[PDB]
Structures are given as C-alpha cells and as structure tokens.
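Values below: every heavy atom of this structure, side chains too, minus hydrogens, waters and symmetry copies. Quick note on labels: first sequence line is chain A, next is B, and so on, each numbered from 1.
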Amino acid sequence: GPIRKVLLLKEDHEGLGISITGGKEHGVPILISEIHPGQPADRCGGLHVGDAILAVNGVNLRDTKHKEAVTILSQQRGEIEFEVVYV
Amino acid sequence: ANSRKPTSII
C-alpha cells in the first residue's frame, strides 16, 4: 500500500498506546501489533494493526533493532509524525 | 524451543 505520514498528538504524561513487534534482528520491519483503545494512537487515527513503522519524526526505523526502536519511539514528545505503510 | 515474537508496549 501507499506510505502515509500520520500525526499523533501525545501528552507528556502518557505513552503512545501501541504494541510493536519486529526489527532488524528479526528480518522484518517494526510492526504495530496492537492499538490500545482510548490511548493516543487510537484517538488520533491513522495507525493500524499490521502497519510497518518506517520512520518517526524523520528518524529512519527501517534498519533498526527492536530495543533501539523502542528507545527512539519512547523518547519522542508532543506532535509526533509517523511514516507508515501496510503491505 | 521456538518462541513467541518479542512484543513491546510504547
């Protein structure tokens, strides 16, 4: 499918509301496995189970190991832009 | 043994 740029607004006091799997050491993209009801990803729309996360805030996540991706994703604040695709 | 795929919450 088409690569989408998706905006998520997160308050500083909360997480993103996503579960992810995958990463470089698994030979697959960072993938969204859950979108948690009533949390930012759910409320903001545009992000879906099965989407690969290609980048966040311009930071390339295509060749990133799982743990390092968790760090990068969890470190973002405020108005957070995701680059995602469903294949 | 085979394992479930590592999953993280963020």
request  = Kindly indicate, with the supporting measurements, whether the criterion side-chain contact (heavy atoms from CB on, under 4.5 Å) is fulfilled by A/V59 and A/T64.
outcome  = CA-CA 10 Å; A/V59 182; A/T64 304; over 6 Å; no
Just list the side-chain donor-acceptor pairs under 3.5 Å for residues 3-10 of chain B, sequence neighbours left out, or say none.
unit_1: B/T7; atom_1: OG1; unit_2: B/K5; atom_2: O; d: 3.2
unit_1: B/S8; atom_1: OG; unit_2: A/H66; atom_2: NE2; d: 2.6

Indicate the atoms forming the closest heavy-atom contact of [X] with [Y], along with that distance.
X     : Y     : answer
A/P29 : A/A52 : CB-CB, 3.7 Å
A/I32 : A/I20 : CA-CG2, 4.4 Å
A/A69 : A/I30 : CB-CD1, 3.5 Å
A/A41 : A/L8  : CA-CD1, 3.6 Å

query = If you measure from CG on A/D42 to CD on A/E34, what distance do you get to the nearest 0.5 Å?
reply =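 With rounding to 0.5 Å, CG (A/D42) is 12.0 Å from CD (A/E34).
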Flag if over 12 foreign heavy atoms under 6.0 Å of CG, B/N2 =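 Open.
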In one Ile/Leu/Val/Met/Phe/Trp/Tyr side-chain cluster, 4.5 Å: A/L16, A/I35 =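 Yes, A/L16 connects to A/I35 through the hydrophobic network.
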key: Member of A/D51, A/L47, A/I53 meeting the side chain to side chain contact (heavy atoms under 4.5 Å, CB included) criterion with A/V6   =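 Exactly one option meets the side chain to side chain contact (heavy atoms under 4.5 Å, CB included) with A/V6, and it is A/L47.
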Could you go through residues 75-87 of chain A and list every donor-acceptor pair under 3.5 Å that involves a side-chain atom there, pairing it with any protein atom two or more places apart or in another chain?
unit_1: A/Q76; atom_1: OE1; unit_2: A/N57; atom_2: ND2; d: 2.8
unit_1: A/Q76; atom_1: NE2; unit_2: A/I72; atom_2: O; d: 2.9
unit_1: A/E83; atom_1: OE2; unit_2: A/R62; atom_2: NH2; d: 3.4

